[PDB]
Amino acid sequence: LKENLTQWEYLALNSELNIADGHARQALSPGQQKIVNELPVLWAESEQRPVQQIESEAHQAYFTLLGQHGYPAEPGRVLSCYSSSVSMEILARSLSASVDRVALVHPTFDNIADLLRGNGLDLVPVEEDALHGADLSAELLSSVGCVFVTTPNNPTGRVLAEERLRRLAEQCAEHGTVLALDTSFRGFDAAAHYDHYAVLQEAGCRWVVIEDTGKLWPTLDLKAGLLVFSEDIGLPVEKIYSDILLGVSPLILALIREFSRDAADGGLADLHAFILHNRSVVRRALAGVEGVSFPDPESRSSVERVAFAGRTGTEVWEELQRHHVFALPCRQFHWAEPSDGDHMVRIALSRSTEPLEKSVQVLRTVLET
Amino acid sequence: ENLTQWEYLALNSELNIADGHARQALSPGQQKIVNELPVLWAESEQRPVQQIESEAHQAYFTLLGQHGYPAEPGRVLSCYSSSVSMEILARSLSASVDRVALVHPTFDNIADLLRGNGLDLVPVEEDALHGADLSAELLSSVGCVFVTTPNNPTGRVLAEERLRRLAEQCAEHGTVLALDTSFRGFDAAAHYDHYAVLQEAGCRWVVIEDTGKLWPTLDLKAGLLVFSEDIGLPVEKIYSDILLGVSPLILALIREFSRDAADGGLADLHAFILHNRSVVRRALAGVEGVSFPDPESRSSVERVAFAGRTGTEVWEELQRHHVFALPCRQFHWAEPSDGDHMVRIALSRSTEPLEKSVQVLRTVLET
Ligand SMILES: Cc1ncc(COP(=O)(O)O)c(/C=N/[C@@H](CCCNC(=N)N)C(=O)O)c1O
């Protein structure tokens, strides 16, 4: 009855032991609370300055924070959207003007698949081993108009390394295909902080990148998706963007600027340390527990997959929910073959440690019948 | 090209009277809310979002007379904007509906979002929509009838008896009735209970409410997508493909601005818009060839008609004096020449830059 992962996440939104959706719900740091305390000042600034200047500063702060020095800073090359999913809707509807089929990494967050399919695009799954380990086949590239990679991936944390991004961008250029990247989880893993725009521009392929500020910091879902596109993209992303919105709030852009600056001043290292700590408490707690394993040993992402033998993720979810703990079954990340995820749940790590600890102790007991 | 692309040219300019968003100064009661934003933040971290959301919806719907709205969780879908609501609706229509009857003129992204999602449009002129039943031929040929009320740019309000009849006609033809009520807060004639009428007629229906145009909240807002239990369209599914929900801080802000409005802010807003409308009309009163096509509009946008000049020529001349209005062609999404001789002026502005802007227009029109 839960048609997608988001509908599983609705069930958790009002519980103290929500470890389902990937949004950041941990406490603000002291430096971040100082930003919140200055919100009336940021409001006045947002009333008094031209939005283009605030937007330019927010983009500069965020892209430079994460190593993306080559981003196109000319006004209009980075489209600020209400969310990365709104960017994805724009991209999907734009793709459907001239593309029939999209090669898409599998598993990935399911609304990428569902927005693409919903706009009439046929999807070809590319498993992670194929995507990272070998060139894509000429047969595949000639049959699709776009290759879409989430990196770091959700739910696996896998990062497309620079050499492979380069080869993929070269392949797309050679075939005329759009390379599209979703880099929502970029901030969590320094392996994703090499300059992606430099690679893409040097390869000369048609490209689109959707950045997202929404997953890094606990900003009560105040965020923007940033839809960045090559000059030759050849899709009507600018026109469809303008059908949907005039722009985002200057106050949100100012918040993104301030949170990015705090992150540059040591907040980002603290975040990495915090996620590492929370991953450690989860793995320590599901220690022995016969039948339990962690499919993504090297992930640095803010979500964590847990696998179990002889139990189903939906079953674990129901036993968990009877104790008011809400996680996420993994089936629907495997948008082309949901049974691939039948024996996994996903746990959200962007949480205060104490509620996370309590939820994982509950899972330890459950997983011990 | 669309109206939004004209609006981008004005966005960083002092004499922007183009887009309809609210850009006047906060009232003192509203500035008090902004001063307490750190408290609203703490509330949003601590309380379940469902409680804040229910309170925001209750405050906003009751403020505007919509007491029969479906208050069960999940019947009102909070979206980042009304245009996001409209994208969800357009996409949800496109599998089962080929043709939509749409009020003409209206704001052009309604037409562009519908067309962009594969729907063919059939214009319905305002005098026909309000003045008489729709024909059986039209209603049997369309899967949805879409009415903006109060309309943008005309301010025209669908009266209760005509809404009732339209909903009855849509029910008897199996047609979805969709309303965009984004400008509801401005005109008390739109504060009779629309949900009572829709539920009583028993057609399949969708209403898109919008908080964005009423208050100067730096574009912090929600579109509210409300639907009948039997709508038969994938609005809930496609909504969930796009978002988990809106920020609890924005919902708390809507609740507080709605409460301020219920305490007298809404009366003050109506008096403020009436004052700015009076400024425009007094300023242009005696100019040769100018008329006001919508004398009873209470909307926050104002149409100005002039003979012997195209709204495009007038826009061009204003732009040289750094004033940005809107040519009206593109609101007439089926027949753009219908709007060749009008421009639209935004009234949700501090009175001082509005007066400065209207003074340029007066002198441009007099010379
Ligand atoms: C009747 C009606 N229904 C919905 C909306 C969307 O409101 P939103 O912008 O989503 O908050 C509007 C917008 N009216 C403004 C701003 C247009 C901004 N451009 C795009 N949205 N593409 C205007 O008339 O200038 C409307 O009139």
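Letters go in sequence order (proteins before strands), and every chain restarts at 1.
Atoms CG and CD1, from B:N12 and A:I54 in turn, are 9.5 Å apart once rounded to the nearest 0.5 Å. Going from atom CG of A:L246 over to atom CG of B:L11 covers 4.5 Å, rounded to the nearest 0.5 Å. Atom NE2 of A:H23 and atom OG of B:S247 lie 11.0 Å apart (nearest 0.5 Å). Taken from CG in A:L39 to CG in B:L249, the straight-line distance is 7.5 Å, to the nearest 0.5 Å. Atom CZ of residue A:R93 and atom CZ of residue B:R91 lie 8.5 Å apart, to the nearest 0.5 angstrom.
For a residue to count as touching a neighbouring chain, one of its non-hydrogen atoms must lie under 4.5 Å from one of that chain's; by this rule A:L5 does not touch chain B. For B:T217, the parts lying near chain A are the backbone and the side chain together; criterion is any non-hydrogen pair under 4.5 Å. Contacts between B:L243 and chain A at a heavy-atom distance below 4.5 Å involve the backbone alone (N, CA, C, O). Looking at B:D108, there are no atoms closer than 4.5 Å to chain A (heavy atoms on both sides), in backbone or side chain. For chain B, the nearby parts of A:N37 are the backbone and the side chain; heavy atoms of each come within less than 4.5 Å. Proximity to chain B (any heavy atom under 4.5 Å) is restricted, for A:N4, to the side chain, taken from C-beta onward. Proximity to chain A (any heavy atom under 4.5 Å) is restricted, for B:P216, to the backbone atoms N, CA, C and O. Of the two parts of A:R49, neither the backbone nor the side chain holds a non-hydrogen atom closer than 4.5 Å to a non-hydrogen atom of chain B. In this structure, chain A has no heavy atom under 4.5 Å from any part of B:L3.
Residues B:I242 and A:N111 form no side-chain contact, since every pair of their non-hydrogen atoms from C-beta on lies 4.5 Å or further apart. Contact check for B:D219 versus A:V248: no side-chain heavy atoms found under the 4.5 Å cut-off. Within the 4.5 Å cutoff, the side chain of A:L222 has heavy atoms near those of the B:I250 side chain. Between B:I238 and A:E89 there is no side-chain heavy-atom pair separated by less than 4.5 Å.
The residue among A:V41, A:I112, A:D114 with the most heavy atom pairs within less than 4.5 Å of chain B is A:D114. The residue among A:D21, A:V86, A:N18, A:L115 with the most heavy atom pairs within less than 4.5 Å of chain B is A:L115. Counting heavy-atom pairs closer than 4.5 Å to chain B, the top-ranked of the candidates A:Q7, A:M88, A:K239 is A:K239. With chain A as partner, the option from B:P48, B:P234, B:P38, B:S13 having the largest number of non-hydrogen pairs under 4.5 angstrom is B:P38. When B:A25, B:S83, B:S240 are compared by the number of non-hydrogen pairs under 4.5 Å with chain A, B:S240 comes out ahead.
B:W41 pairs by the ring-ring contact (aromatic ring centres under 6.0 Å, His included) definition with nothing, not counting sequence neighbours. Partners of B:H104 under the ring-ring contact (aromatic ring centres under 6.0 Å, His included) rule, at least two apart in sequence or in another chain, are B:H332, B:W333.
Other residues, nucleotides and ligands place more than 12 heavy atoms under 6.0 Å from the CD atom of B:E1. Atom CD of A:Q33 has more than 12 neighbouring heavy atoms from other residues, nucleotides or ligands inside a 6.0 Å radius.
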